[PDB]
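Structure first, then comments.
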Amino acid sequence: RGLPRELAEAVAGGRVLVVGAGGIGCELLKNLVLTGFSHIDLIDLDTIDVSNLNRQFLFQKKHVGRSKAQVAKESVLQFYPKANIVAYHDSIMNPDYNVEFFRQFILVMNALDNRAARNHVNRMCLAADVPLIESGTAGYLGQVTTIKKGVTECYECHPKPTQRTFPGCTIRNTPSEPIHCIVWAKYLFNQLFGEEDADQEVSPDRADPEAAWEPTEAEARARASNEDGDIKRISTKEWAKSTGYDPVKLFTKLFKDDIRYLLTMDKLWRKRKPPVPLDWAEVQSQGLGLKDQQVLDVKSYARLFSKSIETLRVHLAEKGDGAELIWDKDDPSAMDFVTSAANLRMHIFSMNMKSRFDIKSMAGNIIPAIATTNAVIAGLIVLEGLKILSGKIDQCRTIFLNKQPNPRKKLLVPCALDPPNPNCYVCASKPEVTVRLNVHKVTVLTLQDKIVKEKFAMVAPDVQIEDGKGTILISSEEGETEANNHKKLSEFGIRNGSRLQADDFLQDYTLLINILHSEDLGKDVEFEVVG
Amino acid sequence: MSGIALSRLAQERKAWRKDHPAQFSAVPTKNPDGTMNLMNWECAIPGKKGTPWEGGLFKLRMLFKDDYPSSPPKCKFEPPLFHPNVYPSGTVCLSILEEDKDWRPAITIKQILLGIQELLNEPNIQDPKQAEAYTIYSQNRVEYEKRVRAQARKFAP
Amino acid sequence: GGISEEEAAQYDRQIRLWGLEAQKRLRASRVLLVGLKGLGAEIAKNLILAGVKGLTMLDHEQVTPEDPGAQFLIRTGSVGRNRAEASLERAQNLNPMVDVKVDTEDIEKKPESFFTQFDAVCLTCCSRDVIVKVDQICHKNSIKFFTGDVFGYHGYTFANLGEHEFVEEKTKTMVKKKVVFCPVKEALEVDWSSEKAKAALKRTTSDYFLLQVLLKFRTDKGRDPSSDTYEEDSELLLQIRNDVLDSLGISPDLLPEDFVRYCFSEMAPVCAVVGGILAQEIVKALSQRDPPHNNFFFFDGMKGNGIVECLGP
Amino acid sequence: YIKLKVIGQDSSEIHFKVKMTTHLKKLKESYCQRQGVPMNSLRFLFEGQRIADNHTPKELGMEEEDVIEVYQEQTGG
Amino acid sequence: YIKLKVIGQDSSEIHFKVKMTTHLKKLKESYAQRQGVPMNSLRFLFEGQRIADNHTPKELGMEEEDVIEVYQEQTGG
Ligand SMILES: Nc1ncnc2c1ncn2[C@@H]1O[C@H](COP(=O)(O)O)[C@@H](O)[C@H]1O
Ligand SMILES: [Zn+2]
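Residue numbers (the numbering used here), protein chains in the order written: chain A, 56 to 586; chain B, 88 to 244; chain C, 1148 to 1460; chain D, 1274 to 1350; chain E, 12 to 88.
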């Protein structure tokens, strides 16, 4: 081995986990294996897709359908069985990956594409004081970043939001970009095939069979036929389920009637160009590149819409009682549905047609990436990791990757690790204690009084569990949670390695509780704070 | 869910409990297990003195996504009510909680709730987000007033 | 376009970046590769994944026990076997519809006509005279010439495109430009004692100088650095560094004495990164879709930065 | 007004104008608005110096037409 | 104290006098005085940056007599 032995033995004796079996993940794992790392933990929730083969060199064509972690492990046994590899087919947000699950590792690097998972692993590692190496890949772009507790800024020092979801209110009435109608189609799919998420509801709810146009012309009917509430707003999902998802009825409801209903807003179209309603009858009876890169005719899009809704109705019939269908970027039926809807909306608002290829591009927010940049990012990650394990954190630096050399004739740019921001609330040196207790017998009453009120002088405790989603366990106002004070912590899902945040409305000082399960405490006591 | 969002929401809850407008309500929702999730809230907005909506106590749910406070919360009245600026699915829109116009991460729960209150007190025409309420309020004002009174008595405390 | 549906699906990600036409030109492309240090293996893998229809690689050495225990292409315990034949199975497994070729003959003995059927040639772990020969042949044949290597935290690449044409995105929709580059004998043997080169030197990376030291040491010692002979070889690199830089007319202190402790190794990270950038350059040149970087790029791993530079234009 | 140049990580050229006392806050917000990217996703670098939120042109002291580097710490890995 | 330099779409300039740390009162009273039009259907752009309903000049970074221009309403979408 060409590595220095002081570091070679450290990497061959320590344990490092890498999260996400992406192309970056697979290249990272290969680099770690070649470097001499002995124990490596790999976790991924997704399976190998056909389009996934473009970058994941560890995954072959025959490997589609299996878990990413299992296939990555099998591939690394193809050239180095000696490495200790642990594979997990799960998501990081699963609570069993507690602070103790990260504390076991000497180093950890993220290879994720979703911002939420990245923030979660950031928080978990800062809880476990295990150094992190941040990275991301996009096309010919890339970067790496060291994340160290109390030395460098954490990934949450500068809050970076997740993917653009758009307000919804703009797209539901007046789309003006292809992205607008695409997210409109996604929301409509969630509305009439997914769960009853009223936020995703984008098609209007009314007396659906009526072809509404200026109800003020029938003002007496609008209050004599039905009471206040517009016939109690028949749900679009319920209407579609009751009508058996009739392609013609659905098409006219969401492309002719609702368009006129929108056209009732003359105050909106006095500035914006008014859209046009399309009817199924006239569209049907009016009389090279990839297969997805060419725009089709509105009649062909309507035919695709009908076929897609038929297939999706069949798939829903495969489910029970109308179970929701989760959207995906690879399902042919749902994707044909969304492209048809988006192109129909574009033709509605006098906008140009967009091919299925572009809808696939910006619908699932597929970020392009090349194995070149993926490889360089993984190499930067492992170089920074060996620097970290060597203790040369001062020499560790944030490195970006460029498609074109900068005017400073540099392609990989080094930047000093900025000190952590003192007030981002996650990397601050907030006081913490760990208390061992028997989860299955201690109750919320004891937790609130004995463990917090008198043990830490909290006069108004509102302890809160930071499970990665956010919920308060108890409230300072007794009228909010006193009904569940007799429950156990195991009843609320606080397992070993969990942690809670406590606060006071008058002492205005926060305190963090770390949970360790300890049956050995006996009967005389139910808890103990570790000194 | 970002930890910054969690800490910020905890601070907002503390500030709201310490000081909030009279007979207003803003609490995290009762989870099925009995806890409250601070990322999704139940709120109820009372009417203003002399206004047609006076006396009613209109229930409103607001949704916080992982990008808060960079992203605004998505609010929604349950059940949906008869107002031009609310989508009859219940969700409401205003520049206060829309990214591209005025949404500032530094703003708090109290001021956005006051914004929704004054929006209810200010039915606008230049930004219609619904049809039926818009056309009634634009053409036949007396029926709109009668329906507003009916709603106010419908959501009375 | 004669692109099949499943082949497009396997390439679906990169089409969204550089378009169908670049992929079609790659399907019309053939590449010659030489040398299989971790760098050769990674560059072969990345070219395979890129979508070039045919990759031909050449090497003159077997798998030896002194080689590291992992090369991520050759199978476990493939010692004694030819490295090309030890790797071809996994290399083809990386992408089934791309065909690969394995050559055991040394490029020194290889005839000039053998390079004609390739649009790009890649060189690794070879003597500078043979680099000159292959580069001048490539320039004569109007073919794009690339080379590069890795040694510890230090790595380099070179690219000579000759008369080259390419397109770019109009980033303040494609627009056509062109670029011209010079052979290695013009680039590598640049006279630094000239006033303009001397002026540019003070803001010129020393990575080229340590590369020249390494190259010389490779040519005269007949083998690459190996950890079992660190001390005597290290002193040899130091003294030959003095010899070359004072002969070239530059102060040896510009290459600090500790550079040996960094270069005297072969590591996966620095190998993988330089190979990735080399593959980026190769695919940009073959597709003519992105503007190639200038003839030289270097990497200092301990310093954690990469520099593109112009030498001997 | 005193002129400066900002060249993007993707070789995108954008050209902006500023005063010596005008906080770079405005400059970076303007850039991310023009590019349509969330603010915290961009890193601004001058000759290797990270541009802080509390920075002002008389502090880093550039000359006119000087280049200020931007790099975008993108997700999607 | 602050000299206001508000000009509407009709090129109408109205003068006001407010303190340094005015936060919302400035824009609220300017709206209520010049309105002719509902408040929500109007906006002022200040050095090309759209203000918030509490954006004070001291934390904006403007000073006396700085020119502030309104912009066409974006309520239509
Ligand atoms: N929460 C998560 N848990 C495990 N793996 C994940 C998670 N989020 C993303 N990944 C993986 O991270 C990789 C990122 O995508 P890509 O790099 O494009 O392959 C994929 O392999 C995903 O399956
Ligand atoms: Zn922090």
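Idealized CB from N, CA, C, for every residue including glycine.
Rounded to a whole number of angstroms, what is the C-alpha to C-alpha distance between residue i and residue j?
{"i": "A/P474", "j": "E/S23", "result": "49 Å"}
{"i": "E/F55", "j": "E/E80", "result": "6 Å"}
{"i": "A/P477", "j": "A/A483", "result": "6 Å"}
{"i": "C/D1400", "j": "C/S1353", "result": "10 Å"}
{"i": "A/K465", "j": "C/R1177", "result": "30 Å"}
{"i": "C/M1449", "j": "D/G1349", "result": "27 Å"}
{"i": "A/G120", "j": "A/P270", "result": "53 Å"}
{"i": "C/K1317", "j": "C/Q1435", "result": "15 Å"}
{"i": "C/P1416", "j": "A/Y195", "result": "19 Å"}
{"i": "C/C1272", "j": "C/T1251", "result": "15 Å"}
{"i": "C/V1297", "j": "C/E1413", "result": "7 Å"}
{"i": "C/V1210", "j": "C/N1229", "result": "6 Å"}
{"i": "C/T1294", "j": "C/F1305", "result": "5 Å"}
{"i": "D/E1286", "j": "D/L1318", "result": "15 Å"}
{"i": "A/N153", "j": "B/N211", "result": "50 Å"}
{"i": "D/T1294", "j": "A/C470", "result": "25 Å"}
{"i": "A/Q255", "j": "A/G223", "result": "8 Å"}
{"i": "C/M1321", "j": "C/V1314", "result": "6 Å"}
{"i": "A/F134", "j": "C/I1221", "result": "7 Å"}
Based on the DSSP output, what are the partners of residue i in its beta bridges?
{"i": "A/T489", "result": "A/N569"}
{"i": "A/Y143", "result": "A/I98"}
{"i": "A/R554", "result": "A/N569"}
{"i": "B/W128", "result": "B/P115 and B/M149"}
{"i": "A/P469", "result": "A/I454"}
Which of the three DSSP states, helix, strand or coil, is assigned to residue i?
{"i": "C/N1240", "result": "helix"}
{"i": "C/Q1435", "result": "coil"}
{"i": "A/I549", "result": "coil"}
{"i": "B/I212", "result": "coil"}
{"i": "A/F392", "result": "helix"}
{"i": "A/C479", "result": "coil"}
{"i": "A/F134", "result": "coil"}
{"i": "A/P270", "result": "helix"}
{"i": "E/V78", "result": "strand"}
Please confirm whether residue i and residue j have their CB atoms less than 7 Å apart.
{"i": "A/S231", "j": "A/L309", "result": "no"}
{"i": "D/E1338", "j": "D/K1276", "result": "yes"}
{"i": "A/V338", "j": "A/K354", "result": "yes"}
{"i": "A/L247", "j": "A/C209", "result": "no"}
{"i": "D/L1315", "j": "D/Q1345", "result": "yes"}
{"i": "B/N127", "j": "B/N118", "result": "no"}
{"i": "A/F160", "j": "A/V71", "result": "yes"}
{"i": "A/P59", "j": "B/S157", "result": "no"}
{"i": "C/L1458", "j": "C/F1444", "result": "no"}
{"i": "C/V1331", "j": "C/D1276", "result": "no"}
{"i": "D/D1326", "j": "A/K458", "result": "no"}
{"i": "B/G142", "j": "B/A220", "result": "no"}
Scan the region 1307–1326 of chain C for residues whose Cβ lies nearer than 7 Å to a Cβ of chain D and list them as they occur along the chain. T1318 and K1319
Contacting positions in the region 321–348 of chain A - beta carbon closer than 7 Å to chain E: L323, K326 and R327
What are the residues of the region 538–566 of chain A that lie near chain D, defined by any Cβ-Cβ distance shorter than 7 Å? Within the region 538–566 of chain A, no residue qualifies.
Check each residue of the region 395–418 of chain A: if its Cβ is closer than 7 Å to any Cβ of chain C, include it; give the result in chain order. Against chain C - using a Cβ distance shorter than 7 Å - the residues of the region 395–418 of chain A are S416.
Can you give me, in chain order, the residues of the region 151–181 of chain A that have a beta carbon less than 7 Å from any beta carbon in chain B? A171, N174 and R178
With 7 Å as the C-beta to C-beta threshold (strictly closer), list the residues of the region 175–203 of chain B near chain E in chain order. Correct list: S182, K188, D189 and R191.
Please identify, using Cβ separations under 8 Å, the residues of the region 464–486 of chain A that lie next to chain C, in order along the chain. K464, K465, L466, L467, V468 and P469
What are the residues in the region 60–79 of chain E lying within 8 Å of chain D by C-beta distance? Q60 and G72
Which residues, in order along the region 1148–1159 of chain C, keep a beta-carbon less than 8 Å from a beta-carbon of chain A? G1148, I1150, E1152, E1153, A1155, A1156, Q1157, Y1158 and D1159
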